Amino acid sequence: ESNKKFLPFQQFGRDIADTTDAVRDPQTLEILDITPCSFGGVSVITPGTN
Amino acid sequence: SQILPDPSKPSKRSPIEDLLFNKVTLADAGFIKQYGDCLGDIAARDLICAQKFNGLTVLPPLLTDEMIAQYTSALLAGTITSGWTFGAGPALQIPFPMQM
Ligand SMILES: *[C@@H]1O[C@H](CO)[C@@H](O)[C@H](O)[C@H]1NC(C)=O
């Protein structure tokens with residue numbers, strides 16, 4: 001759910017990197033926010049294989 | 001007193017070091033900028049979350065500030081209680097006016 005106050009003539013929301021982050025549902029005039037799913041980096045710690 | 005560590009404060013830093021740390025403003029310290037913080041959605045999207053969402057990350061340094069402060073305090077104590085003797089071998093005691 002989005003707390004942004006869209007103007008009645010606006011349909012999309014963009015960010016700094018020019019990607020859509022807020023959307024309006026075509027059926028119900030409701031504002032939604034899109035967030036990328038969880039991600040991260042993995043490191044492996046090991047001694048020598050001998 | 002202005003350069004020795006202050007035991008009253010938790011981080012044990014001298015007043016001059018306190019002023020130096022307060023003067024410099026840091027953006028990201030390599031701490032845990034948790035994905036929960038970015039998904040908090042406080043309607044104020046900073047540049048850090050935008051950088052994180054595109055594959056750019058910042059790693060923390062190996063040595064913390066407390067360890068560097070400890071090293072500085074050890075150097076100060078060595079140069080005050082011994083002079084230049086501890087830099088070439090065992091530390092030898094000497095009164096400060098005689099050293100000066
Ligand atoms: C579109 O149809 C659905 C199902 O009949 C209805 O619930 C919805 O309100 C309609 N959309 C609009 C904008 O009226």
# chains A, B, ... in the order shown; residues from 1 in each chain; ligands from 1

call {"tool": "residues_near_ligand", "arguments": {"ligand": "ligand 1", "cutoff": "8 Å", "atoms": "only C-alpha atoms and all ligand atoms", "output": "PDB file with N, CA and C atoms, in the first residue's frame"}}
result
ATOM      1  N   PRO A  26      -5.655  -0.494 -12.597  1.00  0.00           N
ATOM      2  CA  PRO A  26      -6.660  -0.067 -13.587  1.00  0.00           C
ATOM      3  C   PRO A  26      -8.096  -0.239 -13.122  1.00  0.00           C
ATOM      4  N   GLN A  27      -8.389  -1.289 -12.353  1.00  0.00           N
ATOM      5  CA  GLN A  27      -9.766  -1.548 -11.944  1.00  0.00           C
ATOM      6  C   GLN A  27     -10.161  -0.684 -10.752  1.00  0.00           C
ATOM      7  N   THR A  28      -9.464  -0.842  -9.631  1.00  0.00           N
ATOM      8  CA  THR A  28      -9.681  -0.021  -8.449  1.00  0.00           C
ATOM      9  C   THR A  28      -8.653   1.102  -8.446  1.00  0.00           C
ATOM     10  N   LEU A  29      -9.126   2.343  -8.359  1.00  0.00           N
ATOM     11  CA  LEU A  29      -8.230   3.491  -8.429  1.00  0.00           C
ATOM     12  C   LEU A  29      -7.413   3.600  -7.148  1.00  0.00           C
TER      13      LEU A  29
END

call {"tool": "interface_residues", "arguments": {"of": "chain A", "to": "chain B", "cutoff": "10 Å", "atoms": "only C-alpha atoms", "output": "CSV table (one decimal) with N, CA and C atoms, in the first residue's frame"}}
result
chain,number,residue,atom,x,y,z
A,1,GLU,N,0.8,-1.2,0.0
A,1,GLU,CA,0.0,0.0,0.0
A,1,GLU,C,0.9,1.3,0.0
A,2,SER,N,0.4,2.3,-0.7
A,2,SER,CA,1.2,3.5,-0.9
A,2,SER,C,0.6,4.7,-0.1
A,3,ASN,N,1.4,5.5,0.4
A,3,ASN,CA,1.0,6.7,1.1
A,3,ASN,C,1.2,8.0,0.2
A,4,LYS,N,1.6,7.8,-1.0
A,4,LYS,CA,1.8,8.9,-1.9
A,4,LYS,C,0.5,9.5,-2.3
A,15,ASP,N,11.5,7.1,-10.3
A,15,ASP,CA,12.5,7.4,-9.4
A,15,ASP,C,13.7,8.1,-10.1
A,16,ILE,N,14.8,8.2,-9.3
A,16,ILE,CA,16.0,8.9,-9.8
A,16,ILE,C,16.5,8.1,-11.0
A,17,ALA,N,16.6,6.8,-10.9
A,17,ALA,CA,17.2,5.9,-12.0
A,17,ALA,C,16.2,5.6,-13.1
A,33,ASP,N,2.9,0.6,-4.2
A,33,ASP,CA,4.3,0.7,-4.3
A,33,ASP,C,5.0,-0.6,-4.6
A,34,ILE,N,6.0,-0.6,-5.5
A,34,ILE,CA,6.7,-1.8,-5.9
A,34,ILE,C,8.1,-1.7,-5.3
A,35,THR,N,8.5,-2.8,-4.7
A,35,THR,CA,9.8,-3.0,-4.1
A,35,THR,C,10.5,-4.2,-4.6
A,36,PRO,N,11.8,-4.1,-5.0
A,36,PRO,CA,12.5,-5.3,-5.4
A,36,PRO,C,12.6,-6.3,-4.3
A,37,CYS,N,12.5,-7.6,-4.7
A,37,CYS,CA,12.6,-8.7,-3.7
A,37,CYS,C,13.9,-8.8,-3.1
A,38,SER,N,14.0,-9.5,-2.0
A,38,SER,CA,15.2,-9.6,-1.1
A,38,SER,C,16.4,-10.2,-1.9
A,39,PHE,N,17.6,-9.7,-1.7
A,39,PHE,CA,18.8,-10.1,-2.3
A,39,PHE,C,20.0,-9.7,-1.5
A,40,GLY,N,21.1,-10.4,-1.8
A,40,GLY,CA,22.3,-10.1,-1.1
A,40,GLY,C,23.5,-10.9,-1.6
A,41,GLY,N,24.7,-10.6,-1.1
A,41,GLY,CA,25.9,-11.2,-1.5
A,41,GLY,C,26.4,-12.3,-0.5

call {"tool": "atom_distance", "arguments": {"atom1": "CA of residue 61 (chain B)", "atom2": "CA of residue 13 (chain B)"}}
result
19.3 Å

call {"tool": "residues_around", "arguments": {"residues": "region 89-91 of chain B", "least_positions_apart": "3", "cutoff": "12 Å", "atoms": "only C-alpha atoms", "output": "list in words"}}
result
residues 75, 77, 78, 79, 80, 81, 82, 83, 84, 85, 86 and 94 of chain B

call {"tool": "select_by_dssp", "arguments": {"residues": "chain A", "states": "strand (DSSP E or B)", "output": "number ranges by chain"}}
result
A: 12-14, 20-24, 31-33

call {"tool": "select_by_dssp", "arguments": {"residues": "chain B", "states": "alpha helix (DSSP H)", "output": "ChimeraX atom specification"}}
result
/B:15-23,35-39,47-52,65-81,96-99

call {"tool": "residues_around", "arguments": {"residues": "residue 18 (chain B)", "least_positions_apart": "5", "cutoff": "12 Å", "atoms": "only C-alpha atoms", "output": "PyMOL selection string"}}
result
chain B and resi 2-6+9-13+23-24+65+69

call {"tool": "atom_distance", "arguments": {"atom1": "CA of residue 33 (chain B)", "atom2": "CA of residue 70 (chain B)"}}
result
26.9 Å

call {"tool": "residues_around", "arguments": {"residues": "residue 31 (chain A)", "least_positions_apart": "6", "cutoff": "12 Å", "atoms": "only C-alpha atoms", "output": "JSON, numbers by chain"}}
result
{"A": [1, 2, 3, 4, 5, 6, 7, 8, 10, 11, 12, 13, 21, 22, 23, 24, 25]}

call {"tool": "write_last_selection", "arguments": {"atoms": "N, CA and C atoms", "output": "short mmCIF file (atom, residue, chain, number, x, y, z; two decimals), in the first residue's frame"}}
result
data_model
loop_
_atom_site.label_atom_id
_atom_site.label_comp_id
_atom_site.auth_asym_id
_atom_site.auth_seq_id
_atom_site.Cartn_x
_atom_site.Cartn_y
_atom_site.Cartn_z
N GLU A 1 0.83 -1.19 0.00
CA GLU A 1 0.00 0.00 0.00
C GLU A 1 0.87 1.25 0.00
N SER A 2 0.41 2.28 -0.70
CA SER A 2 1.18 3.50 -0.91
C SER A 2 0.57 4.66 -0.15
N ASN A 3 1.43 5.49 0.44
CA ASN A 3 1.01 6.71 1.11
C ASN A 3 1.17 7.95 0.24
N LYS A 4 1.64 7.80 -0.99
CA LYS A 4 1.81 8.93 -1.88
C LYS A 4 0.47 9.50 -2.31
N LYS A 5 0.43 10.81 -2.51
CA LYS A 5 -0.79 11.52 -2.90
C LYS A 5 -0.70 11.85 -4.38
N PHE A 6 -1.16 10.92 -5.22
CA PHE A 6 -1.16 11.15 -6.65
C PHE A 6 -2.22 12.16 -7.05
N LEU A 7 -1.89 13.00 -8.02
CA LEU A 7 -2.88 13.89 -8.60
C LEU A 7 -3.84 13.09 -9.49
N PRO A 8 -5.07 13.57 -9.66
CA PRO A 8 -6.07 12.77 -10.40
C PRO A 8 -5.69 12.47 -11.84
N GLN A 10 -2.54 11.76 -12.86
CA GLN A 10 -1.29 11.02 -12.88
C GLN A 10 -1.56 9.53 -12.77
N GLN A 11 -0.76 8.73 -13.47
CA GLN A 11 -0.94 7.28 -13.51
C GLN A 11 0.29 6.47 -13.14
N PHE A 12 1.48 7.06 -13.14
CA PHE A 12 2.71 6.32 -12.88
C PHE A 12 3.63 7.14 -11.99
N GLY A 13 4.57 6.45 -11.36
CA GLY A 13 5.57 7.10 -10.53
C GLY A 13 6.97 6.60 -10.83
N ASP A 21 8.26 2.91 -9.77
CA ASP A 21 8.18 2.45 -8.39
C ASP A 21 6.78 2.58 -7.79
N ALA A 22 5.89 3.34 -8.41
CA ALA A 22 4.51 3.45 -7.95
C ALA A 22 3.57 3.26 -9.14
N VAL A 23 2.47 2.55 -8.90
CA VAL A 23 1.54 2.18 -9.96
C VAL A 23 0.11 2.42 -9.46
N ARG A 24 -0.80 2.60 -10.41
CA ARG A 24 -2.22 2.74 -10.13
C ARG A 24 -2.97 1.57 -10.76
N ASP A 25 -3.77 0.89 -9.95
CA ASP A 25 -4.49 -0.29 -10.44
C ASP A 25 -5.58 0.13 -11.42
#
